């Protein structure tokens, strides 16, 4: 990140500290939890609303020392009243702005918010799982403030979970009890805590909605796929991602050795010796070197992260992904709860900063060979069959005789988001009880109100609705400001939190109490549908056929002779 943004960020970080303090209130309160009493505090918002705030509630043992790389265990309960009036550290990670490692291994916490601790009626509970590619993210309110959602009568809960190698190391050797997916197992434990404790905060244990964006969407999908979480919640919302996105899972069993080697390990490639080194290394050294793990070949093959969700090599007590997510979709309990899914109108815009640093990437579109789904393509990506598959991609996104950055970014929207959604919808259709899935398309563009990922994607002064742009209208962040009540931005906040609350409440996202929705007839997708319909969210709310459907079908044509793999 530029020094410019580094200094601006530091200044906003100081401003956030002073605003957080001044928005603090003297009204502390105590709630029960199965692990003992917790003290929270009421806080204020820039819109003159208020909410009770409990942060730093442990849902697992701090995964330190011997617990490193291992499945979470339940935390030890306490006597007395545990202080939850301040946040805890985020998971160890590279700060996307400073470039330094921040965070702590002691990060397994969740935060609970509500405008009323004793509601006369039990409230819908919404659980947010943050994205960040499974390598960054937090539940701190400088990034995910509950300030907008608490104008609604819900309970909002924001969880953390282990990121990067600390969350997703996977070793083949069964003796070592590091099968993988530690971070997803953290999420499972957090959902169990929420199920058995939300009633203490005025929440309805029988009406829980899980939702997440990007890797948070993949995460929410995993929670809907795994047997571990069966019946733990009742609705799901997948925002710009799911578990069958190509970035959402990787076979990373061989990469632990590589990481150890980068971190100065001396010895052979065996799991036992590799683990014992990794167990003793400083957490910040491992996370720092994570960026170097992927081989040149892996990056060429579009493997995005060295460690992430994986198929576990053997089944243990807390095993979450015993098979590939595609196979898991076939018996998933989550196929049978009300579901909403969607993407922004220009997801691939997110890769602007990548293209600026590596403009050579645009040449990939001359054959589009590197973007053929890895399961279909040959290792070198020189097979004539992969050349013809890539040609189908190329016709769908390349506009002239030479490809452009915009063609590249448009391709990225499909490879990373729309095509996997299509594959999931069609897979899910032959294994479901008939519960509805609704689609939205987020198409509201503004620069009067933004979120920090715009800095990361170098998206300042760039037109279009990029991946992550919707977060601005769901959560307060430290770059936000109070918006006039009649502004297009403020209305989008009302509509987005309104639609999400309605869906969380009824399993149907439609409400006439939501301004703009008066002519909306929003039906679910059916298996018999050749063309998807979605609510397009812009200054106006409009039901339309998905504009992306044509390019989607073209991508699907790559599987003409390999229908079994679709």
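Positions refer to the first chain, counted from 1.
*Asks:* Tell me which stretch, 369 to 377 or 341 to 349, has the higher mean Cα B-factor listed in the entry.
*Replies:* Stretch with the higher mean C-alpha B-factor: 369 to 377.
*Asks:* I need to verify one thing: averaged over C-alpha atoms only, is the B-factor higher for 177 to 185 or for 459 to 467?
*Replies:* Mean B over CA atoms: larger for 459 to 467.
*Asks:* Maximum C-alpha temperature factor per the entry, among 126, 218, 493, 358, belongs to which one?
*Replies:* Highest C-alpha B-factor among the listed residues goes to 358.
*Asks:* Between 74, 140, 423, 130, which one tops the list for Cα B-factor in this entry?
*Replies:* 74 has the highest C-alpha B-factor of those listed.
*Asks:* What third of the chain, by the recorded C-alpha B-factor, contains residue 11?
*Replies:* Answer is highest: the recorded C-alpha B-factor places it there.
*Asks:* Sort the modelled residues of this chain by their C-alpha B factor and say whether residue 524 lands in the lowest, middle or highest third.
*Replies:* Its C-alpha B-factor belongs to the highest third of this chain's values.
*Asks:* Could you place residue 480 in the lowest, middle or highest third of its chain by Cα temperature factor, using the values in the record?
*Replies:* CA B-factor rank for residue 480: middle third.
*Asks:* Mind checking which third residue 398 falls in for C-alpha B-factor across the chain?
*Replies:* Top third by C-alpha B-factor.
*Asks:* Split the chain's modelled residues into thirds by Cα B-factor; is residue 23 in the lowest, middle or highest one?
*Replies:* Answer is middle: the recorded C-alpha B-factor places it there.
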